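1. just the starting chains for now, same placement as in the complex:
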Amino acid sequence: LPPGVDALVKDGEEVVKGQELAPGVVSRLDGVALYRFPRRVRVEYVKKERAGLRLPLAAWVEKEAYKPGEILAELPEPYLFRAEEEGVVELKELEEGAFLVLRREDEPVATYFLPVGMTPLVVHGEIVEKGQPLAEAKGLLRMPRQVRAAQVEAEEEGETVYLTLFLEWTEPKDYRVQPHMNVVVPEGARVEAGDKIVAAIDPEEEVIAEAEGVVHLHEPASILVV
Amino acid sequence: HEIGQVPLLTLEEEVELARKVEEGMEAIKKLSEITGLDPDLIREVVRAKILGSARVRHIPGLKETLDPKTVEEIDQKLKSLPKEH
């Protein structure tokens, strides 16, 4: 495989003769494709948290859970989502959508969820006071493609809804594998905290899994069709 | 010409094979411990099955004559091991 080019087919995949394995590489025979020494291991970590949101009651669609991509609300006019606590802002941006975490004396006092269609008006590490706008919400706002909503609780106060969302999403982290390291974990494996993913000559060069996640192999040196 | 049909190893491939070879020898030592069997005798049985039925012969160091009967017998003790062993 040409250096840096990533494969189309996945480790284990049945392949027909003539099928294209890589941008410039075409398989000459049918059989099972096997990745030859993966250069980059990507671990998608499983995170399950609790985050809040407040919306105009007329703008929100009632549901018990929200699947990825689903429309959460549709706003007739732009809405300023405001902080309900004072704190310093920890901004954590996902692929699409964002997380916002207010903390005062260390201990996080709030976790808010900004879906797509909501542009943060604050930056990481910004001091906010109760009531100042965190994010603008304009038009249709929906769940991001990479993040789900397992449970949706709703309290109604005045003209707004406050959603307490139980959210599940995966955060990618890339690890580089050197020629002297071997991947000891299969594609699609389930790992807990402490499980070894890549091994190396010495202990400080090993890659140990930080928490729960699933493993994906990318950019192999070559593909072996057997 | 025959030499030229085996591609040269990449640094990765070279390290991988060497690594697997070292790990395999450590395994044979370990398999010796578990079974209480001669490490060399075990090694010839392991090696016999990889090279195939083609090459089976008496080994000067082995105490027992090495023939398909004994490698099947010994292989069956190996196939009687618990999953982690």
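-> Yep, it's here. Residues are numbered from 1 along each chain as shown, chains lettered A, B, ... in the order given.
2. hey, let's count contacts and neighbours off CA atoms from now on
-> Will do.
3. contacts only, for residue A:156.
-> By C-alpha atoms under 8 Å, 6 or more residues apart in numbering or on different chains, residue A:156 lies in contact with A:57, A:162.
4. count the neighbours of residue 34 for me.
-> The chain I'm using is chain A. If you count neighbours by other C-alpha atoms under 10 Å in any protein chain shown, residue A:34 ends up with 18.
5. actually chain B
-> So residue B:34, with other C-alpha under 10 Å, has 11 neighbours.
6. which element is it on?
-> helix B:11-35 (DSSP states H and E).
7. any part of that helix near chain A?
-> Yes. Using C-alpha under 8 Å from any C-alpha of the partner chain, helix B:11-35 comes into contact with chain A via B:11-12, B:15-16.
8. how far is that helix from where the chain is centred?
-> With C-alpha atoms, centre = their mean, to the nearest Å as the basis, helix B:11-35 stands 10 Å off its chain's centre.
9. can you name the next helix or strand after it?
-> On the C-terminal side of helix B:11-35, the closest following helix or strand by DSSP H and E is helix B:39-51.
10. buried stuff in that following helix?
-> B:39-46, B:48 (16 or more other C-alpha atoms under 10 Å in any protein chain shown).
11. residues making contact with that helix?
-> Helix B:39-51 has contacts (C-alpha under 8 Å, 6+ apart) with B:28-29, B:31-32, B:55-56, B:62, B:71, B:74-75.
12. any of these buried? List them.
-> B:28-29, B:31-32, B:56, B:71, B:74.
13. put DNA strand C onto that model:
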DNA sequence: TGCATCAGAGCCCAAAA
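-> Just below you will find DNA strand C, in place on the chains above:
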């Protein structure tokens, strides 16, 4: 099937050195 091509088979004795 009848013709060509090549591999392999030989190339004096005795004397001497």
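14. still on that earlier bit, name the residues of the helix holding residue B:34 that are buried.
-> Buried residues in helix B:11-35, counted by 16+ other C-alpha under 10 Å: B:12-13, B:15-16, B:28-29, B:31-32.
15. need the residues you listed in CSV (columns: distance to residue A:42).
-> Shown next, in CSV, are those (distance: C-alpha to C-alpha, whole Å):
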residue, distance to residue A:42
B:12, 20
B:13, 22
B:15, 23
B:16, 21
B:28, 34
B:29, 35
B:31, 35
B:32, 38
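16. tell me which of those residues is nearest to chain A?
-> residue B:12 (4.9 Å; C-alpha to the nearest C-alpha).
17. how about the buried residues of helix B:11-35, which pair is most distant?
-> Longest distance between any two of these is 30.3 Å, between B:12 and B:32; criterion C-alpha to C-alpha.
18. check contacts around residue A:59.
-> A:73-76.
19. how many residues are close by residue B:3?
-> When neighbours are defined as other C-alpha under 10 Å, residue B:3 has 7 of them.
20. pull the distance from the longest strand that chain A contains to the chain's centre.
-> For chain A, the strand that runs over the most residues, judged by DSSP state E, is strand A:31-56. Strand A:31-56 sits 6 Å away from the centroid of its parent chain (C-alpha atoms, centre = their mean).
21. mind checking which helix or strand the nearest residue to residue B:11 once chain neighbours are set aside is in?
-> Closest residue to residue B:11 apart from its sequence neighbours, by C-alpha to C-alpha, 6 or more residues apart in numbering or on different chains: residue A:179 at 6.8 Å. Here residue A:179 sits in a region with no helix or strand, counting by DSSP H and E.
22. can you slot in DNA strand D too:
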DNA sequence: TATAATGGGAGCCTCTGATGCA
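-> One more chain to add, DNA strand D, which I have set with the ones above:
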């Protein structure tokens, strides 16, 4: 027993019979 090393190197007559070819 440990830098890395990865594909060689050369040459001076006639008959008979089997073998490989239109």
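23. please reconsider the contacts of helix B:39-51 now that DNA strand D is part of the model.
-> B:28-29, B:31-32, B:55-56, B:62, B:71, B:74-75.
24. still on that earlier bit, and the helix holding residue B:34, what does it pack onto?
-> On a contact count with 3 or more C-alpha pairs under 8 Å, 6 or more residues apart in numbering or on different chains; DSSP states H and E, helix B:11-35 meets helix B:39-51.
25. tally of neighbours for residue A:47?
-> Residue A:47, neighbours per other C-alpha under 10 Å, totals 14.
26. report the beta-bridge partners for it.
-> Counting by DSSP bridges, residue A:47 is bridged to residue A:169.
27. surely it and residue A:172 touch.
-> No. Using C-alpha atoms under 8 Å, residue A:47 is not in contact with residue A:172; the gap is 10.9 Å.
28. distance between stretch A:121-128 and the chain's centre?
-> Chain-centre distance of stretch A:121-128: 22 Å, with C-alpha atoms, centre = their mean.
29. does residue A:36 touch residue A:224 like I think?
-> Yes. At 6.4 Å, residue A:36 and residue A:224 qualify as touching, with contact defined as C-alpha under 8 Å.
30. more neighbours: which of those two?
-> residue A:36 (17 against 13).
31. mind listing what the more buried one touches?
-> Contact partners of residue A:36, counting by C-alpha under 8 Å, 6+ apart, are A:220-224.
32. from residue B:63, how far out is it?
-> Residue A:36 is 41 Å from residue B:63, where distance means C-alpha to C-alpha, to the nearest Å.
33. residue B:59 touches residue B:65, doesn't it?
-> Yes. Contact criterion C-alpha under 8 Å: residue B:59 and residue B:65 qualify, at 7.3 Å.
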